[PDB]
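J.: This is the structure I want to talk about, given as C-alpha cells.
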Amino acid sequence: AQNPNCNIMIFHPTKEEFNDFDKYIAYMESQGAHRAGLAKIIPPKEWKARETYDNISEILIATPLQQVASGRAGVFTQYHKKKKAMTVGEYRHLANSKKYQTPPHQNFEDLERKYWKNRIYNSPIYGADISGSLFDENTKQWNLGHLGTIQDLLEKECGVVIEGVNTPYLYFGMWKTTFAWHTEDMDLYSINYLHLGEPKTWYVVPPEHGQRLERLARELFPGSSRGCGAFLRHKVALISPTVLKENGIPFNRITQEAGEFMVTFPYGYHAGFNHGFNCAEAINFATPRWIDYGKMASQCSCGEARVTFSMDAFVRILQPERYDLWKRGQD
Ligand SMILES: O=C(O)CNC(=O)C(=O)O
Ligand SMILES: [Mg+2]
Ligand code: NI
Ligand SMILES: [Zn+2]
C-alpha cells in the first residue's frame, strides 16, 4: 500500500502533466496521496492563474463574518456574527490595521504557537463563501471555474441525470481567521487555490481515522453531540494540535503559500487558519472513487447546517432513505 503512514504529499507536475486534471488526481491517488486527507500541488513554473491581481479591490464582501470564540484556547467554538458589507479594498485595509494585523513573529512555527495561544481572545473578520472566480477565462489548466461538474460525474458513473450546479467560492482572510474542523458536503473532494497574500495553515486527519476525530469531538463538545448526530457539519468546532496529540488522534499539518493548490480528499477532516490578508478560491469536485463516500456521508438533520440546492439531489439519489428526514432539516 502506498503512503501507509498517511503523510501529506507534495506534487510538482510539469506543464505537460498539468493538462489533464482528472488524470493527475488519479495519479496522486496511485501514489497514496488520499490517505493523508490533504495534498499540496505546486503548479508548473510557466502557469499563472491570471495576469495580475491589480484590480480586485472592487469585489464586494456582502456579509463579512466576525468569528467570535468561546471555550478554552485548545478547545473552542466559533460563532459567525454578520457585519455590514465592505469591499475587498476596505477589508484589506482592515486586515492591515493595528487591531487586526499579523503580529511580529520569527517563522511559521512561532506564528502557529501564537495562533493557538491567543486566537480565542480576538474576533477576526472572514470574507468567506463569496460566489465567484479570480481565474482568467484564458487559463485552461486547473481553472477552478472550468472543472467537470459533480452532477456530470454522477451521470457518467451512475447514469442518473440531476439538477444542480457546481461553482467556485472566494475567501478573503486576515490574521486568525479560522476554518473549523469539517469534511466537505457529502464527503466530496475540495480543491483550494491561494491566489494571493499571506499563508494558510492546514491540519488534517487521515480519512481512515476520521471516526477517531468524531469520537473525540463528541467527548469535547458533549451538548453539541447530543443536539445533532453530525454536529461537525455545523463547522464551528476547533481542537488544537496539542489537544489532538494528548488524545492520540492521528493528524498532519502543512502551510499553503500563495500560488499553491491544496486538495482535500473524501472524508478528510481539516481545519486551519490564515496568517494575514489573503484570498483563496475553492470548489468541491468528485471522482469515481468519491461515490461510495457520498453514499455513506453523515448528515446534519438538526437543521443547523442548512446546505445548498445541489446537495438535495445528491442526498436524494445516493441516500434515498435519509432523504425525507434530511429535507425536514433543510425546510
Ligand atoms: O479556505 C478556507 O477558509 C476553507 N477552505 C476549505 O475548507 C476547503 O478548501 O475545503
Ligand atoms: Mg474589483
Ligand atoms: Ni473544506
Ligand atoms: Zn446539526
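Swiss-Prot numbering applies to chain A: residues 11-341, in that order.
Keep in mind that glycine also has a Cβ here, set from the backbone N, Cα and C atoms.
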J.: Among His115, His156, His280, which residue does Swiss-Prot annotate as binding Fe cation at the site that also has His192, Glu194?
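T.: So, going by the record in Swiss-Prot, that would be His280.
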J.: Swiss-Prot tags one of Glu26, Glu119, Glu147 as polyADP-ribosyl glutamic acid; which one?
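T.: Of the listed residues, Swiss-Prot records polyADP-ribosyl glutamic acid for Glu26.
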J.: Specify the nearest of the binding-site residues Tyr136, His192, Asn202, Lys210 to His244 (Zn(2+) binding site), where nearness means the distance between Cα atoms.
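T.: Sorting the binding-site residues by distance from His244 (Zn(2+) binding site), the top entry is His192.
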J.: Nearest of the binding-site residues to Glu27 (polyADP-ribosyl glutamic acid) by CA-CA distance, picking from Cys238, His280, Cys310, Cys312?
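T.: When the Cα distances are compared, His280 comes out closest.
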J.: If one measures from the C-alpha of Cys312 (Zn(2+) binding site) to the C-alpha of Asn202 (2-oxoglutarate binding site), what distance in angstrom results, rounded to a whole number?
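T.: Roughly 29 Å, rounded to the nearest whole number.
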J.: Of the binding-site residues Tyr136, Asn202, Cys238, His244, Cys310, which ones put their CB under 6 Å from ligand 1?
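T.: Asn202, by Cβ distance under 6 Å.
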J.: Looking at Cβ-Cβ distances, which residues of the chain lie under 8 angstroms from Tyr136 (2-oxoglutarate binding site) while being 6 or more apart from it?
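T.: Spatial neighbours, sequence-distant, of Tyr136 (2-oxoglutarate binding site): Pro74, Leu75, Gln77, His90, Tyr181, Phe182, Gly183, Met184, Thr187, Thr188.
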J.: What are the DSSP helix/strand/coil residue counts across the domain 'JmjN' (18-60)?
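T.: Helix (H, G, I), strand (E, B), coil: 14 helix, 7 strand, 22 coil.
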